[PDB]
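Protein chains in written order, with the entry's author numbering: chain I, 298 to 630, 646 to 664; chain C, 298, 300 to 628, 630 to 631, 646 to 662; chain D, 298 to 628, 630 to 631, 645 to 664. Idealized CB from N, CA, C, for every residue including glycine.
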Amino acid sequence: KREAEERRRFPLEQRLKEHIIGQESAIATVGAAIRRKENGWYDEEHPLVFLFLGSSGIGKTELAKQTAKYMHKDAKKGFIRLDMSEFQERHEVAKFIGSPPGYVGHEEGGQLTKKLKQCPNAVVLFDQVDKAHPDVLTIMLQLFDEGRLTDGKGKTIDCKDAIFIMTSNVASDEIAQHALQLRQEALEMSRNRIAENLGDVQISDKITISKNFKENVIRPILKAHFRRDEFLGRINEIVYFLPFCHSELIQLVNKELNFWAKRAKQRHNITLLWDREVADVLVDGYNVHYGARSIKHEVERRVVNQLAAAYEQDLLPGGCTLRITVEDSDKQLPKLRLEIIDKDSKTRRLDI
Amino acid sequence: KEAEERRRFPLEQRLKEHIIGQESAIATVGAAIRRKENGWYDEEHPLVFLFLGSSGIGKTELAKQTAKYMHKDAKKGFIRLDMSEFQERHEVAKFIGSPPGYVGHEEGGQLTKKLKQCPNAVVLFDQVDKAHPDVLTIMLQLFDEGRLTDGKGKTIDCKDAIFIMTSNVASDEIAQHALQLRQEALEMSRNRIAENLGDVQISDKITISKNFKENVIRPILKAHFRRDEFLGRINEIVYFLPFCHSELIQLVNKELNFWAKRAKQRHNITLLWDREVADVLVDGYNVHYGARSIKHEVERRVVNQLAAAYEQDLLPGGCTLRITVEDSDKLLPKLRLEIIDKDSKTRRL
Amino acid sequence: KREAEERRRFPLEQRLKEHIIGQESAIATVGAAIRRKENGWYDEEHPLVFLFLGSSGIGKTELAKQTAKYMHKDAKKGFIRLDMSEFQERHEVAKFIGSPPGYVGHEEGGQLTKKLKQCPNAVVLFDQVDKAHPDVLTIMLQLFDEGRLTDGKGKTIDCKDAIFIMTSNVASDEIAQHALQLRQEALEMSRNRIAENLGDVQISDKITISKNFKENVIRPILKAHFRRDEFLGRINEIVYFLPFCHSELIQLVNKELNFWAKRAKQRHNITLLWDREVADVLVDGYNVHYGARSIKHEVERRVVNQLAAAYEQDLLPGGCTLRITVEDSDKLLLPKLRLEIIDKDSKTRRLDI
Ligand SMILES: Nc1ncnc2c1ncn2[C@@H]1O[C@H](COP(=O)(O)OP(=O)(O)OP(=O)(O)O)[C@@H](O)[C@H]1O
Ligand SMILES: Nc1ncnc2c1ncn2[C@@H]1O[C@H](COP(=O)(O)OP(=O)(O)OP(=O)(O)O)[C@@H](O)[C@H]1O
Ligand SMILES: Nc1ncnc2c1ncn2[C@@H]1O[C@H](COP(=O)(O)OP(=O)(O)OP(=O)(O)O)[C@@H](O)[C@H]1O
Ligand SMILES: [Mg+2]
Ligand SMILES: [Mg+2]
Ligand SMILES: [Mg+2]
């Protein structure tokens, strides 16, 4: 009975927003799909299958990780990551099932069926399914249609309540092109709205995928790649993803510096402060093609190197406060510098 | 709810902001794209254009600006293939890849991959004159139904694509008949002015007659492309008229505006020019080579000595320049640059 | 019994004459061969092979598409349309039968053989067979002989019940010239019978191609192009297509204007109406060499562009009706047609574009 109050007081959409920012249309559709599971309007005879498409770096595995953290407490037993990049050969179906009878290796058992029987409510993610050979997809079509497995010993494993996600990268640049095209049309009409001063109607930058772009472009490509129409017809949910916008990327820079300041405060009580020009230069030091990995390890390289060289020669006492500021030589146009806030509010420089 | 943009700033304005003197061609392609975007065009067959004109008249840039209008500065929506590579019969393999059992089979076809990644992409076949006629034979399916089949047997879809082919066939004939029609129009306007009923002159564009389109140009089109099938699949055969003097002035003004914009962005130097410099730059116009004949002649009378000025440090930042005609060469021909200083003093460079 | 009843109440000729207009000898000969196939009056060990010869933009590809749509309601599976422009070189035979064992596409198999393996009663349309290399055409020797084909994995396939239709424009100019000459001769004889007061005989314009023109002109150019006097032997019929006359082109103009009226009504509730001068101005600028395709483009720029523009400035509300009217100032009789709104009180209002 308490699960209803925990659901209403703590909706998952806010928490999935607060872990991963951006992809608000994707967050909304996975929130609607998960909400249409537990309130009694669902299919028990079909396992819930999520098919996560999108580009790189922007976040699919972490989003599904937070989904499994939401539905299951433990991230070990209820959270299984099968790497379909490993399975690229015909006999790897044995790793799905087991050895044939009359042959050795049958005594070890089947790994996936043991994972699904030991943890029936677990969340299983398939990473890099594009390189999987077609026959392991066929042994997955057995689960994808029926949800029941038989191993070489003959034992029966039911997998309905388990939650299945496949993360793929087919037509990532294509969905990126449709997102960028609809965003370009939105920008070109929004500049007309600014010119006509039409501020009465609220403007949302939660731009979603168009309805007729996905059937014109993406569906014949997926029919050519997956080779089965029944695979594309049997899917419970397909979630498409979009490249990050401009202000959301500034929020991402703020988010990365936010956990870096949180880690400094938790380890040695250090409070960081940042400027908008630092965020501008970091967005300049970002790569669109592989997403937020660029901004994550760029913030890891830029600011953490300077505080690490400060800690190596003990220029960072605990309990003080730091500011990061673009250097005045590079503020014309990039080198950034650290400044210590004194009790007299004097900006101490560094000589490392 | 983008149709309001189509009400406020159509294709004709965007093309006339980049392409001048081709108002008939702009009107034709704008009407066809307007018919396509309003849901008023059959989606069974793709829209096919064939631009015929003299060189340097703006056919390739009209195709490029058309692609910019559709896909908004996106690299994928503009599939450009130069057909000048496709001079032999086996070059068709470059479209579709090799058959099974052959080298390059797993790579697949190039145009097929580019049209699979974007089916509504604008495909520009540059220089369809320059390809072999048997290479154009593969265009029959792709223009009739947008149905191209791969090396591996997969079939792509091009039902909503826009194909634009540039050519130089009958360029001498088109240019000669256009200048002859402008000449007789000028003569008949002057003759009607002799009784003071000739201020109408003509329309802005020369209406190329259907009799001239069928009895003259079409035999050369049939003779070079060797096939009435390929000409039948072409939805709009769009003719480009050569420039007359009024838009030659505007064209020289556009080039000089670009070279004034090359400064002031990184040197803070302005460039100002009179009308007689525009007259003596229109004077060096070659009919055979088109606007490109102007485009690399303008610097020959404007920028090169200006380049020498940048080698002689005669242009600091903040100068005010003026290109005028030489007094001794007023034959009409060299030009000379001057700097006007803040106390209204002219210094000849 | 039920299929015989269905063929009795409406033959193939009525359905395809609805879908394709003109070409009466072509549809008659094709429907006769199909009727021989359907009623069990044919040698089952030989597949039925057609070569569609005629001008461009006449309807050969459309007629064979309509025939394959008549055979199966599912035209995705039982209609194998292979385009011969991909097959301009000899090694493109590897697209048909697949690669030999030991090469990159061997496990994929032959592309034609797998589609014929899915269904062996399919209509295979070899589009533009003039364009393929003749050594590629040498594989249709064993396709047309006993209806068998060997895959790259050694598994032969049977195609005894399949129907193979090729289309080409070999001798397009000769067929069009001879058909125009025969039309001129028939019109001369008709006006002579009018001048001789002979009009009691119903002489329809079903012009037939003589055997002497087939054997004198079409056969040497066919043997010069296909370069083998054994490929043409296995072709069961040479179906002949003719350029349109005036009334057929008028019916084509009315057909496409009916199509645009149907689209306007079913998408935006717009009723269209036109006069006979509309058909005259949509037939006058006709090119024979582009056939029906030329007529289509004449409907496209003269009328449909004005419809799209008049939609763009928002002059076409739901339920309104338009009349297409020839221009008075071009009564030049490229002209122009005007769109006139008819209101509730049957008044004519010209619309500005
Ligand atoms: N939008 C984001 N917000 C916050 N952190 C992010 C974001 N994107 C990536 N990260 C961080 O970077 C890591 C990258 O993992 P993530 O699952 O987000 O990437 P991905 O795009 O799914 O990866 P891959 O392309 O390899 O499938 C995350 O674990 C997280 O720490
Ligand atoms: N309408 C125009 N008027 C004047 N100059 C133009 C116009 N369009 C383009 N130009 C300029 O002239 C150059 C030549 O144009 P473009 O490359 O389109 O050639 P073209 O007319 O298609 O001829 P060709 O087919 O022989 O290449 C362009 O690079 C541009 O700088
Ligand atoms: N006789 C006709 N009756 C009705 N529609 C026709 C006719 N001929 C052509 N069409 C229309 O024009 C299109 C072109 O026809 P189709 O491709 O069959 O012509 P074709 O003469 O066989 O072609 P090709 O140029 O390859 O020889 C058809 O799909 C149809 O829409
Ligand atoms: Mg990931
Ligand atoms: Mg060019
Ligand atoms: Mg055809």
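- The residues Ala576, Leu579, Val580, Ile592 and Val596, in chain order, have a CB closer than 7 Å to that of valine 550 (chain C) in the same chain once the five nearest residues on each side in sequence are set aside.
- Looking only at I:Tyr537, I:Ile532 and I:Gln385, the smallest Cα-Cα distance to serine 507 (chain I) is reached by I:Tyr537.
- DSSP places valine 420 (chain D) in the strand class (E or B) of the three-state scheme.
- Residue nearest to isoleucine 652 (chain C) within the set C:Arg599, C:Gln408 and C:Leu569 is C:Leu569 (criterion: CA-CA distance).
- Taking every protein chain shown into account, the CB of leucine 495 (chain C) has fewer than 16 other CB atoms within 10 angstroms, so this residue is exposed.
- In the three-state scheme derived from DSSP, where H, G and I count as helix and E and B as strand, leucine 630 (chain C) is classed as coil.
- Between ligand 5 and the CB of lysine 366 (chain C), the shortest heavy atom gap is not smaller than 7 Å.
- Those residues that bring their Cβ nearer than 6 Å to a heavy atom of ligand 4 are I:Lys357 and I:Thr358.
- Cβ atoms of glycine 351 (chain D) and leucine 539 (chain D) come within 8 Å of each other, at about 7 Å.
- In this structure, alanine 372 (chain C) sits near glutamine 478 (chain I), with a CB-CB distance shorter than 8 Å.
- Nearest C-alpha to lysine 392 (chain D) among C:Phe393, C:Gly399 and C:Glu389: C:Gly399.
- Distance from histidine 586 (chain D) to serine 353 (chain D) at the Cβ level is roughly 7 Å; contact confirmed, criterion being Cβ atoms closer than 8 Å.
- Taking 3 residues as the shortest admissible run, the region 557-588 of chain C contains the following complete beta strand (DSSP E) segments, listed from N- to C-terminal end: 568-571.
- Contact of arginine 590 (chain D) with chain C by beta-carbon distance below 8 Å involves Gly530 and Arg531.
- Burial state of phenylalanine 347 (chain I) is buried, judged by a 10 Å Cβ sphere holding 16 or more other Cβ atoms.
- Within the region 399-487 of chain D, the complete beta strand (DSSP E) segments of 3 residues or longer fall at 420-424, 445-447, 453-455 and 460-465, listed in chain order.
- Exclusion of the five residues before and after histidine 475 (chain C) leaves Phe510 as the residues of its chain whose Cβ lies within less than 7 Å of its Cβ.
- In the same chain as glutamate 553 (chain C), and ignoring 5 residues on each side of it, the C-beta atoms closer than 7 Å to its own belong to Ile592, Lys593 and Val596, in chain order.
- Where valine 327 (chain D) is concerned, the enclosing alpha helix (DSSP H) starts and stops at 321-335.
- Cβ contact annotation for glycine 615 (chain D) (same chain, cutoff 6 Å, sequence separation greater than five): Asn566, in chain order.
- Cβ atoms of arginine 531 (chain I) and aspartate 442 (chain I) come within 8 Å of each other, at about 6 Å.
- For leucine 313 (chain D), no beta strand (DSSP E) run applies; the uninterrupted alpha helix (DSSP H) run containing it begins and ends at 309-316, by DSSP.
- At a cut-off of 8 Å between C-beta atoms, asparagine 509 (chain I) does not count as an interface residue with respect to chain C.
- For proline 397 (chain D), the chain C residues whose C-beta falls within less than 7 Å of its own C-beta are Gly399, listed in chain order.
- With contacts defined by Cβ atoms closer than 8 Å, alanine 365 (chain C) and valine 420 (chain C) form a contacting pair.
- Approximately 5 Å separates the beta-carbon atoms of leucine 650 (chain C) and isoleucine 621 (chain C); this is inside 8 Å, confirming the contact.
- The C-beta of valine 585 (chain I) comes no closer than 8 Å to any C-beta of chain C.
- Distances from the CA of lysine 452 (chain I) to each of I:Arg490, I:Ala429, I:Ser465 and I:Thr410 were compared; the closest alpha carbon is that of I:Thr410.
- As a beta-bridge residue in DSSP terms, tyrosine 537 (chain C) pairs with C:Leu350.
- In the assembly as shown, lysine 357 (chain C) is a buried residue. Its beta-carbon has 16 or more other beta-carbons within 10 Å.
- Counting only residues of its own chain and dropping the five nearest sequence neighbours on each side, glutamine 603 (chain I) has a CB closer than 6 Å to the CB of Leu650.
- For the region 588-625 of chain I, the continuous beta strand (DSSP E) assignments of 3+ residues that do not extend past its boundaries occur at 618-623, in sequence order.
- What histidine 522 (chain C) touches in chain I, judged by beta-carbon distance under 9 Å, is nothing: the nearest beta carbon there is about 36 Å away.
- Not a single heavy atom of ligand 3 lies less than 7 Å from the C-beta of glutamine 439 (chain D).
- Residues of chain I whose Cβ lies closer than 7 Å to the Cβ of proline 417 (chain C) are, in chain order, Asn513 and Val514.
- Within the same chain, and ignoring the five residues on either side of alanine 468 (chain C) in sequence, the residues whose Cβ sits closer than 8 Å to its Cβ are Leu350, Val514, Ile515, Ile518 and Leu519.
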